[PDB]
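Take a look at this single chain in structure tokens; it is the form deposited in one PDB entry.
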């Protein structure tokens, strides 16, 4: 679950409980139990995302921070229901008709307003690819900036200090769209390629966010090793890059 999936999840959390008084609040972690009585009768005002960090803002200026890493998942249920699962329940936010449940996540903390800028992840993350105010022109400037122009794309496109919300499938899909492998730096691209990359860094995550739940998003190379590339027909390969799986086409990525 990368930035598009976490924003889709947050949209669902809002549809379920934004604005509604909380009738029960439960946390598994001992250090969070103190907030349960404090939040009953308060409500979620908005569910903000910054990449894969999810920020559940409450009406008393507290914010729950949660990050699913590789395994956390939210579920929306009718109040009082809890489908059998063997996942460990970590958070429950309950209203009169809907409840939201966070399973399995281990990075969960309660933030004061000041911490929204000083928390170690929140302080480090870059601009979010799903932020509609972020433009291809600003992304181009960021690629060519002294800070990032000498960074290899293999790790750059996983680094949330560069652009928040990119993960491994988006890395693989964006590099294939622009015909590049991971072993390039922005300083070495021509202007056409830099512009293509800046656009793809925003447009592919936005297209996944808009249509993966639903022209619709599809993987061109992720998990398609052994299949022919739909652009050039070469057989897609699986290898490792940056200590993560990597999918690419040897016929049209260079």
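Residue numbers count along the first chain shown, from 1.
The entry shows a gap from residue 214 to residue 215, with 4 to 9 unmodelled residues of the deposited sequence in between. Legend: mean Cα B-factor per stretch from the PDB entry, 78 to 86 versus 93 to 101; the higher mean is in 78 to 86.
Look at the mean CA B-factor for 10 to 18 and for 242 to 250 in the entry; the higher one is 242 to 250. Taking the deposited Cα B-factors for 55, 198, 44, 221, the highest one is held by 221. When all modelled residues of the chain are sorted by CA temperature factor, residue 111 is found within the middle third. For residue 142, the recorded CA B-factor ranks within the lowest third of the chain. Only modelled residues enter the ranking. Compared with the other modelled residues of the chain, the Cα B-factor recorded for residue 161 ranks in the middle third. The deposited CA B-factor of residue 206 belongs to the lowest third of values across its chain.
Sorting the modelled residues of the chain by their CA temperature factor places residue 38 in the highest third.
This next part talks about the form deposited in another entry, which is not shown.
Put simply, the chain has two rigid parts that turn between the shown form and the other one, and the hinge between them is at 123, picked from 136, 227, 123, 223.
Compared with the form shown here, the Cα atoms of residue 168 and residue 55 move at least 3 Å farther apart in the other entry. Wider separation of the C-alpha atoms of residue 200 and residue 52, by 3 angstroms or more, is seen in the other entry than in the present form.
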